[PDB]
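Worksheet: one structure, shown below.
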Amino acid sequence: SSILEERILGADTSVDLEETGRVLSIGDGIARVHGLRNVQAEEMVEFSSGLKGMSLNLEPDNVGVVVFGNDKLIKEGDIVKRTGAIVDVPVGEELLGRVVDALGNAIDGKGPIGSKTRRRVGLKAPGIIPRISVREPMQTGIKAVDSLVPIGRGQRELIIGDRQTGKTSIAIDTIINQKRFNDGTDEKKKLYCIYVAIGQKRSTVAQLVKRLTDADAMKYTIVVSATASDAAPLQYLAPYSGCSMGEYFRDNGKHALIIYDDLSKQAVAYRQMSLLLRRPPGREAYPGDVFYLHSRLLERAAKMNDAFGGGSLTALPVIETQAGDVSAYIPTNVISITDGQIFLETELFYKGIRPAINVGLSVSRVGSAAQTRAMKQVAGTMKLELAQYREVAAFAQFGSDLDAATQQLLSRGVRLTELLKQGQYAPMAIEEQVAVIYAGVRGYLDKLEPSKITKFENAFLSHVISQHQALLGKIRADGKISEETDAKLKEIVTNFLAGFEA
Amino acid sequence: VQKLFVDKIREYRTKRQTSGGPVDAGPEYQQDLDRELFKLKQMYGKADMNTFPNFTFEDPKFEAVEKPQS
Amino acid sequence: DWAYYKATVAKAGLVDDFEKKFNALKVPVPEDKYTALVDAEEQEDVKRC
Ligand SMILES: Nc1ncnc2c1ncn2[C@@H]1O[C@H](COP(=O)(O)OP(=O)(O)OP(=O)(O)O)[C@@H](O)[C@H]1O
Ligand SMILES: [Mg+2]
């Protein structure tokens, strides 16, 4: 076969003097190395068998080293070499559509990635001059997110909640929903995505590449993967490597997005890795600088000014909490780095509100209110009509009857609550959202039954995409819902309501 | 190590003298390539080499509606 | 997409010939059985008009 022989003539057998430190111990991943005089801190050192490692502690006698791999091929008396480089990963657009490990080697088997430029995992966030405020929107296609808790481009938003409530699905409808902009024509409405899998078994990450490839979502993302089987210094290095492929886009013009799933598993890989280096424990045996661990990460998510390129880098960190308690140590340290949050609960998921977003508590510094112009009209009034609902709609035990007074307002909420529910891996558009939200707030649904609105939605939505395609194209193009555009929609809802149930 | 460069090409050319697949398979490669050839067909399906699609479909029968009117 | 990957496949005989034989015939269309109630049901309401 011609492929094996051409791989062996391209191999370079270069030999040079190394700089070399004999091993004194090896246990549980830590290799105290005698020698290694001129070593830097955070330098990448290379064992004899092919392993790789990073020298963290410097000390007068020994040199502490942690291993990127497995510590059973390493025996006392081995040889540790010097590369001569603080730890760096490859970068580029050439990694797009791949699954890679935490140092940039492909675990999909499509071959060697041809990459040209290398970028550190420990670089610095930009300061005060080269930013700008948040001008643009980032559409998720969820209807409880886009209307009530909008997210700008360049804003760190925290998805927080328990296990098995919707934290991964929320951030995968977002990956799917940008399919419509990426095959379009303008280069400033796209959104290239990145998913970082920390502490997850391979029978979830090889299954999420399936869900992202029938919908052809994988042609514009990267998956940096550090599974639960990996060395504890490989789950620590993963978000600092994934964030550094995001800043190929942001430092060259385009717009990126990055999900850390999750960041409660980049902390217990720092607690273990830095207890076996004999560093004294803090609270819950976490180190002193877990706040400095997350903060030097979540400040690269910038929004540059237009004299640098104007690119953005959103971030969506996921956080799993125990028993729904938000006052823990690692939650509160990362609530106060992000601009806004999305509080996912369990009693919302089980009563029926799915996606289970607490729209009361899901606060957001609105991002210079870049919702969009037409959604401001219909979800401006929706925000207040739902807020009016929640103050007054928690009895479950009625004794008196005020249908002219109270029962009209709470009938507007259940029509807007059951409108907000959604499916899974089928995200809408924004003008298909303006139409369905128009029909809810304008009183055109109070003569239905609430057990029929989820049935009313898909029959409505199929009618407008089929028969009214030139209608929705004037909302997406002109931005606003104009007064003559208010006129045309006034018949369509009432013509359909005249013949919906028959 | 160009003396090792010649010595892994020259024992690659010896592998290019092949008669029937494996050189030292015995009961190893014969069982494994037959175990794997079933698994690409076991949970996949029973399919021949060139047989076309052979079936037939029947549509919904159009019933009538009886209606005395006026 | 039958002609696409069979060309890059080398094992012909039953590959390029099966796509040559099975793709050279007519589409089996449906039967037009709905004609009786088209005329006989219509005019009896117009005659009642
Ligand atoms: N929009 C939705 N509507 C109804 N059910 C959903 C929706 N999205 C997800 N689910 C269901 O909720 C369950 C949990 O979702 P998901 O796996 O994203 O939770 P998770 O908290 O990320 O899980 P883990 O705790 O393992 O990370 C899944 O069974 C999924 O099918
Ligand atoms: Mg999850």
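Residues displayed in chain B correspond, in order, to Swiss-Prot positions 7-76.
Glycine is no exception: its Cβ is also placed from the backbone N, Cα and C atoms.
Listed in Swiss-Prot for this protein:
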MOD_RES   B:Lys9  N6-acetyllysine
MOD_RES   B:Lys14  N6-acetyllysine
MOD_RES   B:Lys47  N6-acetyllysine
MOD_RES   B:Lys52  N6-succinyllysine
MOD_RES   B:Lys52  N6-acetyllysine
MOD_RES   B:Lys67  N6-succinyllysine
MOD_RES   B:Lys67  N6-acetyllysine
MOD_RES   B:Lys73  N6-acetyllysine
MOD_RES   B:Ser76  phosphoserine
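Counted over every protein chain shown, other Cβ atoms within 10 Å are most numerous around B:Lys14 among the modified residues B:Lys14, B:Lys47, B:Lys52, B:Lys67, B:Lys73. Under DSSP, B:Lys52 (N6-succinyllysine) is assigned to coil, being neither helix nor strand in the three-state scheme. If you compare Cα positions, B:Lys67 (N6-succinyllysine) sits closest to B:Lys73 out of the modified residues B:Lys9, B:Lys14, B:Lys52, B:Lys73. Spatially, by CA atoms, the modified residues B:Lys9, B:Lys14, B:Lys73, B:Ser76 include one closest to B:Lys52 (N6-succinyllysine), and that is B:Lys14. Within 10 Å of the C-beta atom of B:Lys9 (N6-acetyllysine) sit 6 other C-beta atoms, taking all shown protein chains into account. With a threshold of 8 Å between Cβ atoms, the modified residues B:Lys9, B:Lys47, B:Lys67, B:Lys73 that neighbour chain C are B:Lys67, B:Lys73. Cβ neighbours within 10 Å of B:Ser76 (phosphoserine), excluding its own Cβ and spanning all shown chains: 6. Proximity to chain A (CB-CB distance below 8 Å) holds for none of the modified residues B:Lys9, B:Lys73, B:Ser76. Spatially, by CA atoms, the modified residues B:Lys9, B:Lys73, B:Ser76 include one closest to B:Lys47 (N6-acetyllysine), and that is B:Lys9.
DSSP assigns B:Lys73 (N6-acetyllysine) to coil, not to a helix or a strand. Here the Cα atom of B:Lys9 (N6-acetyllysine) is found 98 Å from that of B:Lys73 (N6-acetyllysine).
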